Amino acid sequence: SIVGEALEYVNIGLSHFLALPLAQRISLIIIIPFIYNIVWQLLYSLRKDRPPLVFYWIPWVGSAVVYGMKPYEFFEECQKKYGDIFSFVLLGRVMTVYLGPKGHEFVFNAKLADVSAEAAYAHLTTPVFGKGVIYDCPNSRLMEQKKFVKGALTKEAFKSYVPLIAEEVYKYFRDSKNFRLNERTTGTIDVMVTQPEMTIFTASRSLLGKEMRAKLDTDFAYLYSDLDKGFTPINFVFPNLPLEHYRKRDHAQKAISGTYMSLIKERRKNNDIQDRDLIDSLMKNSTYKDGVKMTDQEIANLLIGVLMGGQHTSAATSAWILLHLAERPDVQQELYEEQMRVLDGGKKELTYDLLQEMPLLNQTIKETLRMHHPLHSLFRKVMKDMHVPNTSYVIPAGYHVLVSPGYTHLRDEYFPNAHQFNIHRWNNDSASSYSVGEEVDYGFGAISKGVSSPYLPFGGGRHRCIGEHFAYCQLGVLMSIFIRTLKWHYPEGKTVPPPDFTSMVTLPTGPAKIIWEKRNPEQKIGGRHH
Ligand code: HEM
Ligand SMILES: CC(C)(C)[C@](O)(CCc1ccc(Cl)cc1)Cn1cncn1
């Protein structure tokens with residue numbers, strides 16, 4: 001009755017393990033975790049309190065490749081096999097996806113104690129934006145940061161932003177190599193070159209002021225290119241690697257925030273604090289409710305985050321608008337007629353109020369944002385075990401939840417013919433969004449309490465967008481002028497490109513080219529240029 005004889009051979013076996021040839025040990029350090037991975041999934045599948053987990057061969061990596069390249073196609077397949085709730089492994093993390101409006105509710109309206117946005121996001125935003133703001137702070141501070149920024153995002157602010165944005169668009173048609181409307185009546189542009197440039201010029205001039213705008217006319221502009229380099233999700237896998245690239249990022253953040261603090265410290269020194277910018281605004285209004293004031297460094301880091309977030313979502317969207325309208329001359333024609341009616345043949349100057357009377361223009365943005373949500377996935381880290389109601393499921397702390405209103409945007413059940421671009425699906429519903437009923441305030445204004453709308457381009461709950469009206473104002477001025485000034489179409493055989501999902505935002509796969517021509521070949525844009 002000796003099991004001792006077996007316990008010796010355990011020890012013996014361990015000793016022989018340490019004496020295998022390296023060719024068999026390396027092999028083992030590969031085969032052991034691979035074998036163990038597969039048996040763990042097999043066993044995991046039996047738990048009834050866990051959503052189905054998507055099968056994967058490579059440990060740690062998980063479904064990263066397929067998710068990273070075609071997330072919506074990944075979601076549709078998983079949805080057919082497993083339904084609306086499923087998990088998948090992603091570079092070391094377990095992601096629990098909840099699709100559809102009930103997913104929007106589950107994730108966007110999760111209790112503050114259940115999930116953390118900053119725990120999912122901080123490890124990219126912080127190196128790009130700087131410390132102490134956005135996701136490098138507790139949620140309550142973020143809530144008030146959004147409140148501060150919203151104080152420069154009023155109707156009265158938009159009324160003064162409109163002519164500023166319009167002047168920038170005209171200067172851009174006049175001076176940019178991509179246009180030069182005074183010298184060329186037709187031409188070809190890559191919209192992934194023009195829109196990011198037009199977006200930074202207009203957003204700077206209005207949110208940052210003329211000083212910062214003027215900086216863009218110099219080599220300073222390169223720093224923004226550098227800073228944006230660090231805003232690619234190789235940095236979620238690798239937040240800090242001691243290579244180059246990471247260093248222009250860090251350098252840019254320091255140099256750009258330095259430029260903002262310089263301006264800030266000079267205004268306060270010269271008593272020059274008015275009501276022009278987001279900068280004036282945060283200088284007058286950045287004291288938290290417990291009495292602590294934001295530092296000049298935190299104010300500048302917040303400016304970087306706000307400008308950069310708004311940079312990428314808006315430029316991607318005007319790119320898609322131009323790309324969809326280029327094969328839809330009927331929509332351009334219709335948008336033009338609206339321009340002629342609202343602006344009295346173009347003899348009325350565009351104002352923020354006149355923008356609100358251009359429903360087809362706004363529906364075109366609304367529709368573009370339906371087909372091309374610039375953020376295909378929003379994440380939280382689960383902080384406390386979460387029960388999914390009317391199910392047996394429990395999402396344990398340490399998991400991540402993934403919500404994807406952009407996927408619902410593309411479902412026929414909610415938007416008939418969802419892959420067809422049609423601005424008329426929004427007739428007499430041209431509002432950028434609308435609180436479908438009751439409201440709640442998390443610290444930056446009252447917003448819809450329910451988040452079950454299948455159309456959720458600006459998310460919802462405490463992390464909801466506050467840039468929506470600014471985006472519509474900027475995209476609206478932009479497109480109003482494009483429409484009244486140019487017609488445009490594709491080179492022969494070209495069509496709307498597929499999205500490049502691997503980036504920060506769901507940009508079109510470049511180069512995405514369109515051919516423009518002046519509606520009025522003789523029209524000249526005034527003002528001086530080199
Ligand atoms: C077409 C344009 C835009 C779209 C579709 C969009 C979308 C979104 C979404 C979906 C969220 C929620 C993120 C989450 O739940 O994890 C969000 C948050 C936010 N956005 Fe936007 N956005 C746009 C433009 C802008 C602009 C122009 C700005 C700044 C001027 C901006 C600033 C912000 C800020 C400060 C938050 C809050 C983040 C948080 O509370 O965690 N967005 N946006
Ligand atoms: C830059 C911020 C504001 C923090 C951000 O929320 C970053 C959040 C975020 C960025 C990238 C991916 Cl893949 C997922 C989430 C983006 N944004 C939202 N509206 C406009 N930009």
Side-chain angles (χ1 to χ4, degrees), residues 29-30 33-34 36-38 40-41 53-75 77-78 86-97 107 115-131 134-136 225-253 301 304-305 308-309 311-313 316 373-383 395-404 406-407 463 499-507 509-510:
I29 304 304
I30 288 189
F34 175 84
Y36 175 56
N37 188 46
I38 302 181
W40 180 89
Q41 290 172 65
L53 174 72
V54 174
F55 183 80
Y56 61 108
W57 292 118
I58 305 183
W60 189 81
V61 165
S63 316
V65 171
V66 45
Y67 165 67
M69 274 151 48
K70 270 310 184 117
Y72 291 156
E73 320 204 358
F74 175 68
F75 290 167
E77 293 304 318
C78 295
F86 53 85
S87 293
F88 71 94
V89 167
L90 180 71
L91 307 168
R93 307 134 176 83
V94 187
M95 315 296 309
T96 301
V97 182
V107 175
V115 302
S116 167
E118 69 268 30
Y121 289 144
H123 294 189
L124 166 113
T125 51
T126 306
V128 185
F129 302 158
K131 287 173 90 24
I134 325 282
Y135 298 126
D136 186 43
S225 194
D226 288 336
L227 187 60
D228 167 21
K229 302 300 183 178
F231 207 52
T232 191
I234 301 186
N235 309 5
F236 256 48
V237 196
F238 297 99
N240 275 281
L241 306 197
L243 153 61
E244 208 198 75
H245 168 285
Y246 287 90
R247 262 191 262 127
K248 305 191 205 158
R249 177 196 69 183
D250 297 342
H251 181 244
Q253 191 283 339
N301 299 347
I304 292 180
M308 185 174 283
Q311 168 66 20
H312 289 108
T313 53
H373 196 323
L375 301 167
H376 62 77
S377 298
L378 299 314
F379 310 95
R380 313 281 189 265
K381 193 181 176 176
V382 182
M383 302 289 91
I395 314 298
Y399 280 33
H400 298 74
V401 285
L402 189 164
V403 64
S404 180
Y407 172 90
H463 286 285
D500 169 42
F501 294 96
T502 77
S503 173
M504 226 60 220
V505 302
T506 65
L507 303 164
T509 303

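In what follows, residues are counted from 1 in the order of the sequence shown. What's counted below: heavy atoms across the whole structure, side chains too, no hydrogens, waters or symmetry copies.
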Tell me the closest heavy-atom pair linking [X] and [Y], and the distance in Å.
| X | Y | answer |
| --- | --- | --- |
| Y56 | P59 | CE1-CA, 4.1 Å |
| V54 | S63 | CG1-OG, 3.9 Å |
| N240 | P127 | ND2-CG, 4.3 Å |

Determine whether the aromatic ring centres of residues [Y] and [X] are separated by less than 6.0 angstrom.
| X | Y | value |
| --- | --- | --- |
| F501 | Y72 | yes |
| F236 | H123 | no |
| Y135 | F129 | no |
| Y67 | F88 | yes |

Should the heavy atoms of other residues, nucleotides or ligands under 6.0 Å from [atom1] of [X] be counted, would the total exceed 12?
| X | atom1 | answer |
| --- | --- | --- |
| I58 | CD1 | no |
| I38 | CD1 | yes |
| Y36 | OH | no |
| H245 | NE2 | yes |

Atom [atom1] of [X] and atom [atom2] of [Y]: how far apart are they, to the nearest 0.5 Å?
| X | Y | atom1 | atom2 | result |
| --- | --- | --- | --- | --- |
| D228 | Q311 | CG | CD | 7.5 Å |
| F238 | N235 | CZ | CG | 10.0 Å |
| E118 | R380 | CD | CZ | 9.5 Å |
| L402 | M95 | CG | CE | 4.5 Å |
| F55 | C78 | CZ | SG | 13.5 Å |
| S116 | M383 | OG | CE | 5.0 Å |

- Those residues at least two apart in sequence (or on a different chain) that pass side chain to side chain donor-acceptor pair (under 3.5 Å) with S87 are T96

- Trace of the side-chain hydrogen bond (donor to acceptor under 3.5 Å, both in side chains) decision for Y121 with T126: CA-CA 8 Å; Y121 289 144; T126 306; over 6 Å; no

Ignoring hydrogens and geometry, is there a side-chain-to-backbone donor-acceptor pair from [X] to [Y] under 3.5 Å?
| X | Y | answer |
| --- | --- | --- |
| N301 | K131 | yes |
| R249 | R247 | no |
| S377 | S404 | no |

Would you call [X] and [Y] a side-chain contact if the rule is heavy atoms closer than 4.5 Å?
| X | Y | answer |
| --- | --- | --- |
| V128 | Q253 | no |
| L227 | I304 | yes |
| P396 | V382 | no |
| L91 | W60 | yes |
| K229 | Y246 | no |
| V115 | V107 | no |
| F231 | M308 | yes |
| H373 | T313 | no |

- Query: When you look at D136 and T125, which way does the side chain to side chain contact (heavy atoms under 4.5 Å, CB included) test go after all the steps?
  - Reply: CA-CA 8 Å; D136 186 43; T125 51; over 6 Å; no

- Could you please spell out the steps behind the side chain to side chain contact (heavy atoms under 4.5 Å, CB included) verdict for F86 and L53? CA-CA 6 Å; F86 53 85; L53 174 72; over 6 Å; no

- Which residues share a salt bridge (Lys or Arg N to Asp or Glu O under 4.0 Å) with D226, sequence neighbours left out: none

- What do the steps show when you test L375 against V505 for side chain to side chain contact (heavy atoms under 4.5 Å, CB included), and what is the final call? CA-CA 5 Å; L375 301 167; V505 302; 4.1 Å; yes

